[PDB]
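>>> Just to be clear, this is only the beginning of the complex, oriented as in the whole thing:
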Amino acid sequence: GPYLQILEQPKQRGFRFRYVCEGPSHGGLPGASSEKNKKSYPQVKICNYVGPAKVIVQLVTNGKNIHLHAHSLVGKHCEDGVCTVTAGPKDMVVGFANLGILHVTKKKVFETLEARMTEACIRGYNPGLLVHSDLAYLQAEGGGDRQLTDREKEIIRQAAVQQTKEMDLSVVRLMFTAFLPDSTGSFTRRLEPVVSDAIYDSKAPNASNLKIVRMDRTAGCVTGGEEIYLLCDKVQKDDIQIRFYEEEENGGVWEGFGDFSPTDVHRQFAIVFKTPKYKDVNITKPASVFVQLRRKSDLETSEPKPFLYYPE
């Protein structure tokens, strides 16, 4: 059967969503494989079919039930928050460079979400999966109901208000959908659309890179309890921990945590804490371990950084 397939997932973290008032063109998606030398971009391929084709890109929520997202896909081949390109008649692989994420304001979330579901039900772009279950009858039929009725405007108003009470503004996902030409030639034949991995806005505190900048002491006794001052990048006092750890023989790992309270986290940029006791307070030779930063919420970590546990 004729389906759609992602070739290169967007890169999950690091990209920044931009607000309207920030100006245009500030940086392209990024591809999961993208490097500073070899830059890549999201890329999809139409399999089991070769000929003209239409592919559209919409942002969607990252919840359990996929829903349209208030943010808009901006830039190259983008209009009304929708990215639309054509799959050459012979090359069935499509990429998406220079794609930006427009981050809607908090106050304009509802009205911009209502507007997006309407444009999506007029064009017939997966109205059933993203706006509301019983709206799936609005399919891109050379213009799947180019004029919304009054009862359809109400379903929209009820889905908009219901979906805005729980929309994460710091996460989005891409959804590609492919349309193949019908008898008339109008791209109306829809293939199972596919969704991408989730994207996390790099400005969000619960998603900004964790990094240990400096530390006034990278070694310590195995007894632990020693107090260290750590400088870092924006972190949240309530959602952060210092983890020490070392690879074991069996493959497992010894885990050790810094003892510090939310009050020891200075102006989101440093942390006064005390070392944990090592896994062995009686070795005779120092042991090299690792220490790093870790958000509880999502469990991401700073780059493993060297720490030395000498015996006493």
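Perfect, thanks for sending it. Numbering: from 1, shown residues only, chains lettered A, B, ... in the order given.

>>> so the spatially most central residue of chain A bridges to which residues?
When chain A is reduced to its mean C-alpha position, the nearest residue by CA atoms, centre = their mean turns out to be residue A:199, at 1.3 Å. Beta-bridge partners recorded for residue A:199 (DSSP bridges): residue A:172.

>>> Residue A:303 and residue A:211 touch, don't they?
Yes - Residue A:303 is in contact with residue A:211 according to CB atoms under 8 Å; the separation is 6.9 Å. The C-beta positions use only the backbone N, C-alpha and C, and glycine is treated the same way.

>>> quick one, which of those two is more surrounded?
Using other CB atoms under 10 Å, the more surrounded residue of residue A:303 and residue A:211 is residue A:211, with 15 against 11.

>>> Dihedrals phi and psi, that one?
phi -160, psi 140 (degrees, to the nearest 10).

>>> Please give me every residue in contact with it.
Counting by CB atoms under 8 Å, 6 or more residues apart in numbering, residue A:211 touches A:232, A:233, A:293, A:302, A:303.

>>> Let's see that with 6 Å instead.
A:233, A:302 (CB atoms under 6 Å, 6 or more residues apart in numbering).

>>> do the one 4 residues further on as well
If a contact means CB under 6 Å, 6+ apart, then residue A:215 has residue A:230 as its contacts.

>>> Can you pull the phi/psi pair for it?
Residue torsions, per degrees, to the nearest 10, at residue A:215 are phi -160, psi 130.

>>> swap in residue A:226?
Dihedral angles (degrees, to the nearest 10) for residue A:226: phi -70, psi 140.

>>> Chain B should go on the structure too:
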Amino acid sequence: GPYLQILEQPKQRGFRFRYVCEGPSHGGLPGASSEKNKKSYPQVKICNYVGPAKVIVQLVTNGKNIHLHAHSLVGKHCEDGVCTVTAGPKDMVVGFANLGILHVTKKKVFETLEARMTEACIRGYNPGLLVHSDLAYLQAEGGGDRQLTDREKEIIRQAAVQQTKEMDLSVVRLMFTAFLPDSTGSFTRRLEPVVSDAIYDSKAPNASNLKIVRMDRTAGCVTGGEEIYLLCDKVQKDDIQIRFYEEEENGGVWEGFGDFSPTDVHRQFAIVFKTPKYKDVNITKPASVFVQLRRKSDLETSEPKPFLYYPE
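Okay, here's chain B dropped in alongside the others:
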């Protein structure tokens, strides 16, 4: 010898006791002189000793015979109704800010009292003076009997039932107990505990800060009889008087009262009364005296408020 002493006494009135359901952090306790800017820090102090020390604070009754109060002391450093702080090895002056009283409910007075006697016999926090006479053998020995016998649970059940048939939930006292470090280093060395003045719940009708909120007239002829409208804080019709007075030459005082009857006491908040005849109806110059409210029951007064008697 080595002893414990109160440098600053809690204020006795003006503080409200707070129920569980009301929530946390509504105000800490107080001390004398509560100058315009809030300056009280109640400060005990250990004397004839300078080194590690443990000070505990318990809520006791205001009867002839001291006992544990069912109420809980909550806030900074408190736990299981007891406030435990340490007296620096050098600094022997302890303060107690952010301290609030937790008013237990009438219905849960017995069981809460029973559980407080239990915790005090387990920790050995003065069990003989506060729970029962023949339980003094349970002293805090780094854990004076971490496990209560079945006969000790019977002494507590009998002391509880007996002490609850007569417990004033509207008045309570603080009792500090200092513990010095024994041989092992465990603070089990108990000094003579010292109790504090009494502190009266401000939500008691017979103890709210008696205050004269406003008065339509603050002057009056020496012939008196004149009618005055005065608003005030909760007061009891039958338990209140308006007392005029002035410091005499001989040290004594001229006393005069307002004429009004319990019916003149409007909705607990105001009083329409008639000025009393001044001591000398024939002076030639106005004289200033004082006027205050006053509970008969406990003779507590509001703040002397100026009044001017003029001739006629």
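
>>> ok chain B is loaded, check the contacts of residue A:211 again?
Residue A:211 makes contact with A:233, A:302, according to CB atoms under 6 Å, 6 or more residues apart in numbering or on different chains.

>>> burial count for residue A:84?
Counted by other CB atoms under 10 Å in any protein chain shown, the residues lying close to residue A:84 total 19.

>>> What distance do you get for residue A:306 to residue B:67?
Using CB to CB, to the nearest Å, residue A:306 is found at 61 Å from residue B:67.

>>> Between these two, tell me which one has more neighbours.
residue B:67 (21 against 10).

>>> Contacts only, for the more buried one.
So residue B:67 contacts B:61, B:130, B:163 (CB under 6 Å, 6+ apart).

>>> neighbours around the last one, how many?
Residues within reach of residue B:163, counting by other CB under 10 Å, total 24.

>>> With the second one instead?
Using other CB under 10 Å, residue B:130 has 24 neighbouring residues.

>>> same deal with the first one?
Under the neighbour criterion other CB under 10 Å, residue B:61 is assigned a count of 24.

>>> mind checking how far the residue nearest to it when sequence neighbours are not counted is from residue B:172?
Of all residues not flanking residue B:61 in the chain, residue B:67 sits nearest, at 4.8 Å (CB to CB, 6 or more residues apart in numbering or on different chains). Relative to residue B:172, residue B:67 is positioned 11 Å away (criterion: CB to CB).

>>> Then residue A:135?
65 Å.

>>> what bridges to residue A:291?
Residues in beta-bridge contact with residue A:291 (DSSP bridges): residue A:244, residue A:305.

>>> what residues are up against it?
A:244, A:305, A:307.

>>> tell me the domain ranges of chain A?
A:1-203, A:208-312 (curated CATH domains).

>>> can you add chain C next? sequence is:
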Amino acid sequence: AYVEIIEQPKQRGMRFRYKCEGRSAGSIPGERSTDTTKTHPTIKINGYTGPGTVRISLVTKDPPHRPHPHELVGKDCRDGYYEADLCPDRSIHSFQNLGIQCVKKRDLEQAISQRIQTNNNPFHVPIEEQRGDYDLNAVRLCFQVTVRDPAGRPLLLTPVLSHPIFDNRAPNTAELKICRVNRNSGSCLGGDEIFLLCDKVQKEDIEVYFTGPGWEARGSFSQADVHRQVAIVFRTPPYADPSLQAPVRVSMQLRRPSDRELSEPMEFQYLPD
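Next up, chain C placed on what we already have:
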């Protein structure tokens, strides 16, 4: 064959009692019942005199009349509703033993459950449409009369409502009253300070309305001059005629903005400076 209330219940005055209170509450008054003569809730069935039954149910004040948590208690009642037979030979029936027992905001849900389990929902409001906050200081009596059509088989008529009853515990609806006033005569230029004692009022919904013939003013006072809902201190407004030569009686009174309600007027005399 329909039903109509001849004698509505008194709206304000009676206070609902709790279950922990008087095994017994009181008895709902008519609305024309006085100290001398006491009346009671009375309906009139039009187009039917004969065998049947009547159920009086407690419902919510506003539109979606969901069954109220409150319990109607007294003679012939049960499960929070009243039910008995209709006098087969009379067309008018007054109920002299209606008592409202209010529930606690705590045992709320348990109460709602009992309206459901016992099938008490006269306007069949849906289980879905039943969700929401309930006003516990008011209710309506809902008369569900059941006669018999001409054939002879039971006939349930249309459920009728009575204007809302209000707990004499809701100051948002009690009666305004002025009790004292340390001064009923000032300057016509106004500005005179006045101490007024009253009945429980709401500081955000109250004002002193000085009415006159073709004239109309208000006293000046801040929400913080409303001393514990029982005393207002405010300053008189300037009269229409600032040069007054002769004293003029004016009408002064309490006014609750939200509903235009007015307490009895109290005589006040504006005077030449």
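
>>> let's see the contacts of residue A:211 again after adding chain C.
By CB under 6 Å, 6+ apart, the contact set of residue A:211 is A:233, A:302.

>>> rerun at 8 Å
A:232, A:233, A:293, A:302, A:303 (CB atoms under 8 Å, 6 or more residues apart in numbering or on different chains).

>>> So which of those is the closest to chain C?
Set against chain C, the nearest of the contacts of residue A:211 by CB to the nearest CB is residue A:293 (45.2 Å).

>>> was I right about the closest one contacting residue A:235?
Yes - taking CB under 8 Å as the definition, residue A:293 is a contact partner of residue A:235 at 6.8 Å.

>>> what do these two both touch?
Going by CB under 8 Å, 6+ apart, residues that sit against residue A:293 and also against residue A:235 are residue A:210.

>>> which bits of the stretch 101-250 of chain C sit near chain B?
Within the stretch 101-250 of chain C, the positions lying close to chain B (CB under 8 Å from any CB of the partner chain) are C:179, C:180, C:182, C:193, C:195, C:197, C:200, C:227, C:228, C:230, C:231, C:233.

>>> and the nearest residue to the first one once chain neighbours are set aside, helix, strand or coil?
Which is residue C:179. Excluding its sequence neighbours, the residue lying closest to residue C:179 (CB to CB, 6+ apart) is residue C:197, at 4.8 Å. Each residue gets one of three states, and residue C:197 gets strand by DSSP: H, G, I helix; E, B strand; the rest coil.

>>> if you go through chain A in chain order, where are the helices?
Counting by DSSP state H, one finds helices in chain A at the ranges A:109-122, A:127-130, A:150-164.

>>> could you dump the ones you listed to a markdown table with distance to chain C?
Output for the helices of chain A, formatted as a markdown table (distance: least, CB to the nearest CB, whole Å):
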| stretch | distance to chain C |
| --- | --- |
| helix A:109-122 | 23 |
| helix A:127-130 | 24 |
| helix A:150-164 | 15 |
